[PDB]
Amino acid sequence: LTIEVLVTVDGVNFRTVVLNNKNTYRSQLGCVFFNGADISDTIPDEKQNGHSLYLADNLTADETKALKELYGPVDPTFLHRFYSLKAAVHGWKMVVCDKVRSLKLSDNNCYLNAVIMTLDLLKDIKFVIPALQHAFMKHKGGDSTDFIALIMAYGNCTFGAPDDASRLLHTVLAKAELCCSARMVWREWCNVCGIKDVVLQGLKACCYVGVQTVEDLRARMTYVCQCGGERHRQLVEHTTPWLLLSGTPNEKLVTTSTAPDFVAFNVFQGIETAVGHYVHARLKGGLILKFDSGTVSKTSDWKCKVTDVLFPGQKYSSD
């Protein structure tokens, strides 16, 4: 009336646990997952003997050590959140609208449709964390369940609740690196302190939160210096394979008649102080493709509050 299971965190290093048919998994061991299903509140029996189960709580040091090697410097709550978010998202589906892949509306997941479709245009990024890169490679192959749940868990997103696409998009990118060169040089100066050049490289030179157009990124900025005066800062060199600018929702009239410079952008519908709706947009063949969570429609002109704006490559040098 006893069974032996193998608990694992990485699917490679296992550790056995003897369990009885009297108490449930949660009281004897902790929360466990079997073939993607939570069985923590079920009583063990013969159909579990010999099989491996993914432990989520109550990890030991050596399973915690392996956890940090697979997911990075994560918090004890992380593994439970990830495993639970993955099973809750099982019902969600990616639907092909106009030759691309988009995420259907379910449980307020439209902010995620904006994040994933914007990432899908960045075709030169990889993730340094192994689990994340594995999920990301699976998403690009068809099954996006892992990748969706992971960015949800890394972004501290609660299930079925609306969130901020620019927050999540830039948080996720902070875990990524670029497969090519990229360079961004800031010139800071202060009439009392002096002149100094700050250099950023790689993927960090392709994202910025605070401006939504390339003119505003290249504008001279002024803020308080450590001396008390006003320090100045201005971009003097920029070479990237693409540029992602994000800001608060800003009303604009985007039109294809003037042939805009950006290739894609995200839109917030509603007012900023309430629950709104996200729509992803790309420009292809002289039109705007609007992607509202599993559906697509085209327009020539659109008055809309944009948030994230994705530009092509940057070859810039001034002063």
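For every residue, the number given is its place in the sequence shown, counted from 1.
- In this entry, 93-101 has the higher mean Cα B-factor, the comparison being between 93-101 and 226-234.
- The stretch 43-51 shows the higher mean C-alpha B-factor when 43-51 is compared against 65-73 in the entry.
- When the Cα B-factors of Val192, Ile116, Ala153, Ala182 are read from the PDB record, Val192 comes out highest.
- When all modelled residues of the chain are sorted by CA temperature factor, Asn58 is found within the highest third.
- Per the PDB record, residue ranking by Cα B-factor puts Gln269 in the lowest third of the chain.
- Sort the chain's modelled residues by C-alpha temperature factor and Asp143 lands in the highest third, per the entry.
- Sort the modelled residues of the chain by CA B factor and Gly294 lands in the highest third.
- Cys304: CA B factor lies in the highest third for its chain, per the PDB record.
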